[PDB]
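To keep things clear, I will list the structure first and then write my remarks on it.
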There are 2 protein chains.
Amino acid sequence: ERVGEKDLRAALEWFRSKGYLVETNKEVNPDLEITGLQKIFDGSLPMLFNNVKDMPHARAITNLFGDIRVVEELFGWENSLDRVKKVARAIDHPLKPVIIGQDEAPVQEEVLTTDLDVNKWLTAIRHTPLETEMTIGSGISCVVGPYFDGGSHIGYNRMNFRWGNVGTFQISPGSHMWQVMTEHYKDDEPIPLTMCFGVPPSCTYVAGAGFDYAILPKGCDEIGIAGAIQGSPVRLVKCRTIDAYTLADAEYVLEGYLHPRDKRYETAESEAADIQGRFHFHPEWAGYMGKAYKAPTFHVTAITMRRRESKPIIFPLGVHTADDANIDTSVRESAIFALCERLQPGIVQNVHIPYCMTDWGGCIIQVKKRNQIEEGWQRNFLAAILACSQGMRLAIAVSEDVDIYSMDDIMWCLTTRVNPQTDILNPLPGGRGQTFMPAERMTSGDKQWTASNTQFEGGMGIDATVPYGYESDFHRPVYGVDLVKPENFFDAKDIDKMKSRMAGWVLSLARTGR
Amino acid sequence: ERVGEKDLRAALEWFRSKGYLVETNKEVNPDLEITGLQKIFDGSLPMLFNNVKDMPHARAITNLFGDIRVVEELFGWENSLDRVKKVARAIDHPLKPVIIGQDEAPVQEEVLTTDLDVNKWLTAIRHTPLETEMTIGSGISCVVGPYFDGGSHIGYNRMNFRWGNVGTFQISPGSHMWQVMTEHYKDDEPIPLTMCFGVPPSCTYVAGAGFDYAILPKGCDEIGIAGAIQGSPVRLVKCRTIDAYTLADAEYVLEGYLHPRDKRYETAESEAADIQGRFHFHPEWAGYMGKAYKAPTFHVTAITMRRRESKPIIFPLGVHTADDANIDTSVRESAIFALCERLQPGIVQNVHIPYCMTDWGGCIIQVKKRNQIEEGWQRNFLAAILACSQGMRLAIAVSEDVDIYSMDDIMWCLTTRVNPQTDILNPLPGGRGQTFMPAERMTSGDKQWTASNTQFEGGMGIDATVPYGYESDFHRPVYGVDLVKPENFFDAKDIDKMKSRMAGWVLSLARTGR
Ligand SMILES: CC(C)(COP(=O)(O)OP(=O)(O)OC[C@H]1O[C@@H](n2cnc3c(N)ncnc32)[C@H](O)[C@@H]1OP(=O)(O)O)[C@@H](O)C(=O)NCCC(=O)NCCSC(=O)c1ccccc1
Ligand SMILES: CC(C)(COP(=O)(O)OP(=O)(O)OC[C@H]1O[C@@H](n2cnc3c(N)ncnc32)[C@H](O)[C@@H]1OP(=O)(O)O)[C@@H](O)C(=O)NCCC(=O)NCCSC(=O)c1ccccc1
Ligand SMILES: [Ca+2]
Ligand SMILES: [Ca+2]
Ligand SMILES: [Fe+3]
Ligand SMILES: [Fe+3]
Ligand SMILES: [Fe+3]
Ligand SMILES: [Fe+3]
Ligand SMILES: [K+]
Ligand SMILES: [K+]
């Protein structure tokens with residue numbers, strides 16, 4: 001039980017071989033140093049901390065998915081478009097996970113069944129100095145089998161263990177865990193599930209997915225999609241205590257039960273005066289400071305991990321980082337692409353969810369109309385995307401002469417290609433939204449800022465595409481950037497001196513010439 | 001090659017055993033008698049005509065799917081709700097079709113490779129006296145394999161063979177045949193496909209499906225869904241001439257090639273003066289008289305059929321019949337149910353598309369809100385249904401105290417439960433619609449009434465549901481219809497005399513007491 005063929009340690013070895021690994025040996029605080037160093041180097045190389053404060057048996061990795069280029073190099077993709085198409089193909093073709101014995105799983109070298117103090121072994125962090133609680137935000141849930149209709153689910157859930165071996169368990173309403181909890185709410189037996197830590201990067205990648213249930217409904221095989229992404233099946237193992245399955249190649253696994261009707265407060269102040277949605281609880285995906293709520297409790301029965309002499313790795317990450325944004329929006333991009341290809345194939349060329357929009361709030365699709373009969377399909381695509389995403393606030397459709405990765409080019413399409421009377425779609429006013437957007441706090445009024453009181457404004461679908469047959473009038477003004485060579489006119493020093501000053505939309509426009 | 005284990009002949013034997021079969025021996029005209037007798041007995045028992053005018057080798061069945069109760073008795077379903085749930089389960093679990101040899105397929109007893117006059121063997125009908133052409137509207141297309149991404153497609157296409165062995169081939173834009181034609185438009189080799197006639201009733205049932213491609217995308221297995229519906233795999237056989245596969249247990253098969261870039265007019269008058277969308281071409285699904293268009297040509301290379309001494313059965317049906325409505329809207333109902341269950345399970349209770357709405361224009365879903373967090377999901381459902389259906393004009397969401405099969409009860413919900421300022425959704429103005437609705441002719445103007453010139457008004461999503469927490473104010477007024485027995489007060493004669501006068505919404509209200 002010491003090999004994990006494709007896991008976090010092999011990924012660290014590949015990162016060290018490629019030269020992408022930044023590793024230090026100095027003792028780092030989980031309090032306001034890991035997330036601070038992650039935000040200082042946001043969207044960059046992975047950082048490995050060998051020594052963690054008050055965690056003598058644990059290492060810590062961060063910014064693992066921060067640069068999307070090294071992630072695409074890890075999984076063998078050339079660019080983001082190839083990544084989107086390959087992960088859509090992997091969604092439609094899962095690899096069924098294999099079950100190995102309880103003696104070759106590396107996560108079951110040490111099995112703690114007593115003295116269950118989760119905060120002693122797992123590294124809880126604080127993100128900002130405005131917080132009061134150190135929370136565990138590193139684990140993915142793992143529901144395999146009868147509670148997920150014979151499929152499998154992996155996904156992140158934040159936990160605050162402020163009762164020793166009992167901690168809160170934050171569930172987004174509408175998610176797969178919400179659907180499992182809603183089905184088994186009125187039950188006597190609690191839901192058995194495991195929280196896995198230091199998982200293979202494919203499992204992190206698929207655990208980022210969410211609110212894409214027209215493509216990945218309840219009963220799908222998310223671990224199958226992770227196995228299809230890494231190109232080999234993800235190994236499972238039966239738990240020691242509960243009746244479930246874990247990722248065998250993880251670094252830590254918490255086994256236990258979820259009690260849905262046992263709801264407790266996440267912080268001490270919101271418990272002190274009984275108010276959800278007011279007190280600060282570590283910044284959220286929307287790009288604002290989060291709020292503390294009531295949440296069901298996760299009753300840990302066993303802590304299994306690797307050997308503490310091997311120093312198992314945990315992956316703590318801040319929420320408003322490019323790390324967290326890549327983790328969610330990559331597989332959500334390919335799911336949106338899959339839905340638009342299902343509705344009408346051959347029209348959508350590329351789907352991109354930038355860091356700027358949010359995890360669950362926005363997307364940009366790029367359509368190409370081949371004839372007059374395909375005119376109008378972008379409005380079907382925008383309405384279907386906004387309806388099938390639960391609280392996406394802004395979907396933008398652009399034409400094929402646009403750089404989809406530049407927000408300056410998107411703003412140019414918003415300025416020049418949008419009729420404000422006809423091209424703004426508000427499809428579903430009064431539907432379901434995401435309560436973590438404070439624009440829905442503005443609709444709750446003086447009631448409690450919970451999901452029961454918010455009112456969704458309906459989303460915003462912006463059709464910034466060129467009408468068919470008007471491609472000559474909306475033609476983009478390509479210059480002669482390949483008809484002239486600057487090496488004739490200037491030397492190397494003038495050329496790189498002028499090239500060092502360019503940044504952004506000029507860098508996008510100088511490649512394309514438009 | 002004389003057994004078809006589950007096919008049209010075995011279904012006729014079961015209908016005769018149950019007493020549902022109405023069979024005559026008098027010679028019926030395909031000109032204005034078959035569709036007339038079908039409309040006289042619309043929504044009733046199957047009619048079998050042994051002698052057809054100028055078709056001495058052919059029998060004709062009609063109103064086969066006219067009564068939905070005998071269809072549910074044929075496939076083993078108790079009511080329509082069980083049918084919707086079972087066909088949704090069959091959609092998510094197809095049975096892979098089997099391939100049998102060319103000598104046990106009953107449709108290949110007689111293989112005609114010369115003298116290909118399709119109108120000599122296949123029965124073309126005229127529906128109304130306003131028409132001029134007798135068209136073939138009995139066959140389903142069958143694309144299996146590489147042209148459908150390794151999946152299979154079955155679906156109806158009307159054909160008018162006015163060049164001997166070359167006929168038009170009407171394709172709805174957006175359909176599976178449209179997607180196949182759009183992918184292989186710019187190709188030199190024509191698309192090989194077979195038109196199958198007198199197919200098993202499961203294949204007719206699944207061939208009715210259309211514009212449900214979030215659930216049944218390109219590359220799905222529609223013959224697999226037919227095999228899952230009948231409970232045994234549908235047998236296939238390799239063609240004699242072209243490189244394709246047919247339904248082995250059919251009665252007639254036309255083998256040939258589809259030429260997409262060879263477009264010809266459907267009638268003689270529209271060919272005479274070059275106008276699509278004006279001249280009458282046999283009433284359509286919208287409930288209006290249809291129009292003649294240009295269409296790609298189907299070049300028949302071989303006619304294979306059963307033995308002419310066995311008198312193979314064809315199934316001609318009028319378009320504005322309950323037959324045709326059941327055929328499309330049954331599997332489309334279960335597809336809409338599957339999509340709403342994928343987005344958020346446990347909320348939608350029942351989906352119904354009545355005969356009154358249309359084939360592709362409307363649907364009624366019935367939701368049940370279990371808590372405050374599920375309030376608003378019906379608007380997501382309405383927007384997703386209207387976006388993922390290509391030109392559904394009217395989707396209505398009602399609560400669970402409504403009889404979904406009574407249009408009077410739906411009109412009552414429209415009167416009493418709709419806020420006209422907030423509960424009318426217009427999600428996708430300017431999207432793709434269905435050109436056969438003349439409300440989109442009103443938007444084409446003085447241009448040609450084609451799909452290239454219509455402008456969709458956006459659909460109409462009506463939220464007629466009760467808001468959560470106001471179930472006491474919107475409570476339906478249940479009387480004491482089971483507290484009193486009429487057999488005490490009156491005799492049998494007064495009771496059935498009073499019961500014979502009740503019809504419609506009073507019949508719905510007297511069962512429920514509301
Ligand atoms: C949505 C709740 C949980 C609603 O609680 P409250 O309003 O306080 O109301 P209650 O709790 O009292 O229950 C009401 C009554 O209804 C019933 N009932 C309830 N549930 C169910 C059920 N499932 N099934 C069936 N029934 C159910 C139940 O009977 C109950 O009555 P009882 O309890 O029997 O007396 C609220 O706590 C909240 O706002 N959570 C935060 C929402 C959120 O957005 N989290 C996002 C995290 S993602 C983010 O971190 C992230 C993303 C990406 C990257 C990074 C980060
Ligand atoms: C939609 C068309 C086919 C458009 O034709 P038109 O407007 O005359 O225009 P054109 O034909 O000239 O082509 C334009 C140019 O664009 C190109 N291009 C075209 N296509 C493609 C392609 N696929 N892929 C790629 N490219 C394509 C092509 O280059 C072409 O130029 P060329 O040809 O190279 O010079 C029209 O004929 C029509 O309205 N059909 C009826 C629509 C309908 O609703 N049928 C519903 C039946 S269901 C009902 O029966 C029913 C349902 C349920 C129960 C019962 C019953
Ligand atoms: Ca992204
Ligand atoms: Ca129906
Ligand atoms: Fe999941
Ligand atoms: Fe526009
Ligand atoms: Fe099909
Ligand atoms: Fe209402
Ligand atoms: K996920
Ligand atoms: K079909």
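Each chain of the structure tokens is named A, B, ... in the order shown, its residues numbered from 1; ligands are numbered from 1 in display order.
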
Open item on the list: Which residues are near ligand 1 in this structure, taking near to mean any atom at most 6 Å from a ligand atom and counting only C-alpha atoms and all ligand atoms? Format them as an NGL selection string.
Closed with: (:A and (170-173 or 178 or 181-182 or 185 or 284-285 or 293-295 or 319 or 434-436 or 450-452)) or (:B and (371))

Open item on the list: Show me, as a PyMOL selection string, the residues that have an atom within 9 Å of residue 191 of chain A when counting only C-alpha atoms, minus same-chain residues fewer than 6 positions from it.
Closed with: chain A and resi 147+180-181+184+256-260

Would you save the residues of that selection, restricted to N, CA and C atoms, as a CSV table (one decimal), in the first residue's frame?
```
chain,number,residue,atom,x,y,z
A,147,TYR,N,-26.6,5.7,-2.4
A,147,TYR,CA,-27.1,7.0,-2.1
A,147,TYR,C,-27.0,7.9,-3.3
A,180,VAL,N,-29.1,14.5,-2.6
A,180,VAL,CA,-29.0,13.3,-1.8
A,180,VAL,C,-29.6,13.6,-0.4
A,181,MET,N,-29.4,14.8,0.1
A,181,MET,CA,-29.9,15.1,1.4
A,181,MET,C,-31.4,15.3,1.4
A,184,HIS,N,-33.1,11.8,1.3
A,184,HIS,CA,-33.0,11.1,2.5
A,184,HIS,C,-33.1,12.0,3.7
A,256,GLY,N,-17.4,8.9,8.1
A,256,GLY,CA,-18.5,9.2,9.1
A,256,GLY,C,-19.8,9.3,8.4
A,257,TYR,N,-20.7,10.0,9.2
A,257,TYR,CA,-22.1,10.1,8.8
A,257,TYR,C,-22.6,11.5,8.7
A,258,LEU,N,-23.4,11.8,7.8
A,258,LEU,CA,-24.0,13.1,7.7
A,258,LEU,C,-25.4,13.1,8.3
A,259,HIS,N,-25.7,13.9,9.2
A,259,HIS,CA,-27.0,14.0,9.9
A,259,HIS,C,-27.7,15.3,9.3
A,260,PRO,N,-28.7,15.1,8.4
A,260,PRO,CA,-29.3,16.3,7.8
A,260,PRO,C,-30.1,17.1,8.7
```

Task: Protein and nucleic residues near ligand 4, 8 Å, only C-alpha atoms and all ligand atoms, as a ChimeraX atom specification - done: /B:325-330,333,352-355

Open item on the list: I'd like to know which residues of segment 5-76 of chain A are helix (DSSP H, G or I) (by DSSP, run on the backbone); could you write them as number ranges by chain?
Closed with: A: 8-18, 34-40, 68-74

Task: Selected residue, from A:202, A:453, A:444, A:113, that lies nearest to chain B when counting only C-alpha atoms - done: A:453

Task: Shell around residue 405 of chain A at 12 Å using only C-alpha atoms, local window under 4 positions removed, as a PyMOL selection string - done: chain A and resi 79-81+350-357+363-366+398+409-411+504-505+507-508

Step by step, measure atom-to-atom distances between ligand 8 and each residue using only C-alpha atoms and all ligand atoms, keep those at most 12 Å, then write them as a PDB file with N, CA, C and O atoms, in the first residue's frame.
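New file out06.pdb:
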```pdb
ATOM      1  N   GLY A 430     -37.509  35.492 -11.106  1.00  0.00           N
ATOM      2  CA  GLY A 430     -38.173  34.767 -10.055  1.00  0.00           C
ATOM      3  C   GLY A 430     -37.799  33.311  -9.954  1.00  0.00           C
ATOM      4  O   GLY A 430     -38.444  32.577  -9.201  1.00  0.00           O
TER       5      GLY A 430
ATOM      6  N   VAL B 367     -45.847  20.628 -10.964  1.00  0.00           N
ATOM      7  CA  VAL B 367     -44.782  20.659  -9.977  1.00  0.00           C
ATOM      8  C   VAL B 367     -45.383  20.594  -8.585  1.00  0.00           C
ATOM      9  O   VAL B 367     -46.567  20.868  -8.380  1.00  0.00           O
ATOM     10  N   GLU B 375     -39.098  27.000  -4.130  1.00  0.00           N
ATOM     11  CA  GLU B 375     -39.942  27.990  -4.770  1.00  0.00           C
ATOM     12  C   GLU B 375     -39.145  28.724  -5.833  1.00  0.00           C
ATOM     13  O   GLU B 375     -38.091  29.296  -5.551  1.00  0.00           O
ATOM     14  N   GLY B 376     -39.637  28.689  -7.059  1.00  0.00           N
ATOM     15  CA  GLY B 376     -38.966  29.286  -8.185  1.00  0.00           C
ATOM     16  C   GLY B 376     -38.423  28.286  -9.172  1.00  0.00           C
ATOM     17  O   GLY B 376     -38.001  28.684 -10.258  1.00  0.00           O
ATOM     18  N   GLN B 378     -40.047  26.123 -10.840  1.00  0.00           N
ATOM     19  CA  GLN B 378     -40.932  25.985 -11.983  1.00  0.00           C
ATOM     20  C   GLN B 378     -40.594  26.991 -13.071  1.00  0.00           C
ATOM     21  O   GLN B 378     -40.797  26.707 -14.248  1.00  0.00           O
ATOM     22  N   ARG B 379     -39.993  28.123 -12.718  1.00  0.00           N
ATOM     23  CA  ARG B 379     -39.601  29.077 -13.743  1.00  0.00           C
ATOM     24  C   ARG B 379     -38.347  28.627 -14.471  1.00  0.00           C
ATOM     25  O   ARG B 379     -38.235  28.820 -15.686  1.00  0.00           O
ATOM     26  N   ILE B 396     -46.865  25.521 -19.674  1.00  0.00           N
ATOM     27  CA  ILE B 396     -47.681  25.877 -18.521  1.00  0.00           C
ATOM     28  C   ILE B 396     -47.279  24.999 -17.352  1.00  0.00           C
ATOM     29  O   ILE B 396     -47.256  23.773 -17.473  1.00  0.00           O
ATOM     30  N   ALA B 397     -46.960  25.620 -16.226  1.00  0.00           N
ATOM     31  CA  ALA B 397     -46.666  24.911 -14.993  1.00  0.00           C
ATOM     32  C   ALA B 397     -47.834  25.074 -14.040  1.00  0.00           C
ATOM     33  O   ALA B 397     -48.267  26.196 -13.780  1.00  0.00           O
ATOM     34  N   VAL B 398     -48.350  23.961 -13.529  1.00  0.00           N
ATOM     35  CA  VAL B 398     -49.478  23.979 -12.614  1.00  0.00           C
ATOM     36  C   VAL B 398     -49.087  23.244 -11.346  1.00  0.00           C
ATOM     37  O   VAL B 398     -48.091  22.526 -11.299  1.00  0.00           O
ATOM     38  N   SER B 399     -49.884  23.433 -10.304  1.00  0.00           N
ATOM     39  CA  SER B 399     -49.608  22.782  -9.038  1.00  0.00           C
ATOM     40  C   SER B 399     -50.213  21.386  -9.018  1.00  0.00           C
ATOM     41  O   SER B 399     -50.787  20.912  -9.996  1.00  0.00           O
ATOM     42  N   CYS B 413     -56.891  27.247 -13.895  1.00  0.00           N
ATOM     43  CA  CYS B 413     -55.631  27.722 -13.335  1.00  0.00           C
ATOM     44  C   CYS B 413     -55.136  28.968 -14.046  1.00  0.00           C
ATOM     45  O   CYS B 413     -54.491  29.821 -13.434  1.00  0.00           O
ATOM     46  N   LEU B 414     -55.416  29.084 -15.342  1.00  0.00           N
ATOM     47  CA  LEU B 414     -55.055  30.296 -16.064  1.00  0.00           C
ATOM     48  C   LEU B 414     -55.882  31.481 -15.608  1.00  0.00           C
ATOM     49  O   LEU B 414     -55.394  32.612 -15.596  1.00  0.00           O
ATOM     50  N   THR B 415     -57.134  31.243 -15.242  1.00  0.00           N
ATOM     51  CA  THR B 415     -57.979  32.336 -14.787  1.00  0.00           C
ATOM     52  C   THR B 415     -57.617  32.775 -13.379  1.00  0.00           C
ATOM     53  O   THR B 415     -57.542  33.972 -13.100  1.00  0.00           O
ATOM     54  N   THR B 416     -57.376  31.830 -12.479  1.00  0.00           N
ATOM     55  CA  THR B 416     -57.310  32.178 -11.071  1.00  0.00           C
ATOM     56  C   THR B 416     -55.904  32.247 -10.499  1.00  0.00           C
ATOM     57  O   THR B 416     -55.730  32.825  -9.426  1.00  0.00           O
ATOM     58  N   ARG B 417     -54.899  31.689 -11.162  1.00  0.00           N
ATOM     59  CA  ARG B 417     -53.596  31.547 -10.528  1.00  0.00           C
ATOM     60  C   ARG B 417     -52.469  32.237 -11.274  1.00  0.00           C
ATOM     61  O   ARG B 417     -51.305  32.013 -10.941  1.00  0.00           O
ATOM     62  N   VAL B 418     -52.763  33.075 -12.256  1.00  0.00           N
ATOM     63  CA  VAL B 418     -51.735  33.718 -13.059  1.00  0.00           C
ATOM     64  C   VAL B 418     -51.756  35.211 -12.796  1.00  0.00           C
ATOM     65  O   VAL B 418     -52.763  35.878 -13.047  1.00  0.00           O
ATOM     66  N   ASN B 419     -50.649  35.733 -12.290  1.00  0.00           N
ATOM     67  CA  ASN B 419     -50.406  37.165 -12.290  1.00  0.00           C
ATOM     68  C   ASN B 419     -49.950  37.570 -13.678  1.00  0.00           C
ATOM     69  O   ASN B 419     -48.882  37.131 -14.112  1.00  0.00           O
ATOM     70  N   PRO B 420     -50.694  38.406 -14.399  1.00  0.00           N
ATOM     71  CA  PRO B 420     -50.294  38.731 -15.774  1.00  0.00           C
ATOM     72  C   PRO B 420     -49.074  39.623 -15.868  1.00  0.00           C
ATOM     73  O   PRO B 420     -48.532  39.802 -16.963  1.00  0.00           O
ATOM     74  N   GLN B 421     -48.616  40.184 -14.753  1.00  0.00           N
ATOM     75  CA  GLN B 421     -47.447  41.047 -14.793  1.00  0.00           C
ATOM     76  C   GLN B 421     -46.171  40.266 -14.531  1.00  0.00           C
ATOM     77  O   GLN B 421     -45.110  40.613 -15.058  1.00  0.00           O
ATOM     78  N   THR B 422     -46.242  39.216 -13.717  1.00  0.00           N
ATOM     79  CA  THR B 422     -45.052  38.480 -13.323  1.00  0.00           C
ATOM     80  C   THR B 422     -45.003  37.043 -13.818  1.00  0.00           C
ATOM     81  O   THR B 422     -43.905  36.507 -13.980  1.00  0.00           O
ATOM     82  N   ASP B 423     -46.140  36.399 -14.065  1.00  0.00           N
ATOM     83  CA  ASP B 423     -46.160  34.961 -14.293  1.00  0.00           C
ATOM     84  C   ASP B 423     -46.204  34.585 -15.766  1.00  0.00           C
ATOM     85  O   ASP B 423     -46.465  33.427 -16.088  1.00  0.00           O
ATOM     86  N   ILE B 424     -45.954  35.523 -16.666  1.00  0.00           N
ATOM     87  CA  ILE B 424     -45.854  35.226 -18.089  1.00  0.00           C
ATOM     88  C   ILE B 424     -44.402  35.390 -18.490  1.00  0.00           C
ATOM     89  O   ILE B 424     -43.862  36.498 -18.438  1.00  0.00           O
ATOM     90  N   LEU B 425     -43.775  34.299 -18.892  1.00  0.00           N
ATOM     91  CA  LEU B 425     -42.375  34.304 -19.277  1.00  0.00           C
ATOM     92  C   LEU B 425     -42.262  34.358 -20.789  1.00  0.00           C
ATOM     93  O   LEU B 425     -42.962  33.635 -21.497  1.00  0.00           O
ATOM     94  N   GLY B 461     -44.110  31.171 -21.373  1.00  0.00           N
ATOM     95  CA  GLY B 461     -44.098  30.310 -20.216  1.00  0.00           C
ATOM     96  C   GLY B 461     -45.015  30.852 -19.153  1.00  0.00           C
ATOM     97  O   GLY B 461     -44.802  31.955 -18.656  1.00  0.00           O
ATOM     98  N   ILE B 462     -46.045  30.102 -18.796  1.00  0.00           N
ATOM     99  CA  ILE B 462     -47.059  30.575 -17.872  1.00  0.00           C
ATOM    100  C   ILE B 462     -46.913  29.820 -16.565  1.00  0.00           C
ATOM    101  O   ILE B 462     -47.091  28.600 -16.519  1.00  0.00           O
ATOM    102  N   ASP B 463     -46.594  30.544 -15.507  1.00  0.00           N
ATOM    103  CA  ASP B 463     -46.443  29.981 -14.174  1.00  0.00           C
ATOM    104  C   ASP B 463     -47.785  30.111 -13.467  1.00  0.00           C
ATOM    105  O   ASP B 463     -48.067  31.123 -12.828  1.00  0.00           O
ATOM    106  N   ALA B 464     -48.603  29.071 -13.560  1.00  0.00           N
ATOM    107  CA  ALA B 464     -49.885  29.033 -12.884  1.00  0.00           C
ATOM    108  C   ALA B 464     -49.830  28.244 -11.590  1.00  0.00           C
ATOM    109  O   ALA B 464     -50.824  27.628 -11.205  1.00  0.00           O
ATOM    110  N   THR B 465     -48.693  28.245 -10.913  1.00  0.00           N
ATOM    111  CA  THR B 465     -48.570  27.472  -9.695  1.00  0.00           C
ATOM    112  C   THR B 465     -48.939  28.310  -8.482  1.00  0.00           C
ATOM    113  O   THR B 465     -48.933  29.541  -8.510  1.00  0.00           O
ATOM    114  N   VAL B 466     -49.261  27.616  -7.401  1.00  0.00           N
ATOM    115  CA  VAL B 466     -49.518  28.232  -6.109  1.00  0.00           C
ATOM    116  C   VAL B 466     -48.176  28.601  -5.499  1.00  0.00           C
ATOM    117  O   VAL B 466     -47.254  27.777  -5.520  1.00  0.00           O
ATOM    118  N   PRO B 467     -48.006  29.814  -4.980  1.00  0.00           N
ATOM    119  CA  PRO B 467     -46.784  30.137  -4.240  1.00  0.00           C
ATOM    120  C   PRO B 467     -46.692  29.310  -2.969  1.00  0.00           C
ATOM    121  O   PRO B 467     -47.706  28.961  -2.368  1.00  0.00           O
ATOM    122  N   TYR B 468     -45.467  28.972  -2.580  1.00  0.00           N
ATOM    123  CA  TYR B 468     -45.274  28.149  -1.397  1.00  0.00           C
ATOM    124  C   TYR B 468     -45.635  28.933  -0.146  1.00  0.00           C
ATOM    125  O   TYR B 468     -45.315  30.116  -0.019  1.00  0.00           O
ATOM    126  N   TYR B 470     -48.718  29.545   0.675  1.00  0.00           N
ATOM    127  CA  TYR B 470     -50.056  30.069   0.453  1.00  0.00           C
ATOM    128  C   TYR B 470     -50.979  28.959  -0.014  1.00  0.00           C
ATOM    129  O   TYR B 470     -51.886  29.188  -0.810  1.00  0.00           O
ATOM    130  N   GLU B 471     -50.748  27.747   0.476  1.00  0.00           N
ATOM    131  CA  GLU B 471     -51.585  26.623   0.089  1.00  0.00           C
ATOM    132  C   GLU B 471     -52.923  26.670   0.803  1.00  0.00           C
ATOM    133  O   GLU B 471     -53.894  26.053   0.356  1.00  0.00           O
ATOM    134  N   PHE B 474     -54.996  29.242  -1.356  1.00  0.00           N
ATOM    135  CA  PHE B 474     -55.300  28.674  -2.659  1.00  0.00           C
ATOM    136  C   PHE B 474     -55.819  27.253  -2.545  1.00  0.00           C
ATOM    137  O   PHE B 474     -55.586  26.437  -3.437  1.00  0.00           O
TER     138      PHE B 474
END
```

TODO: Please return, as a PyMOL selection string, all residues of chain B lying within 8 Å of chain A when only C-alpha atoms are considered.
DONE: chain B and resi 173-174+179+213-214+217-218+339+342-345+372-381+383-384+387-388+390+425-432+451-452

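Checking A:223, A:303, A:11, A:143 one by one against residue 243 of chain A, counting only C-alpha atoms, you find the shortest gap at A:143.
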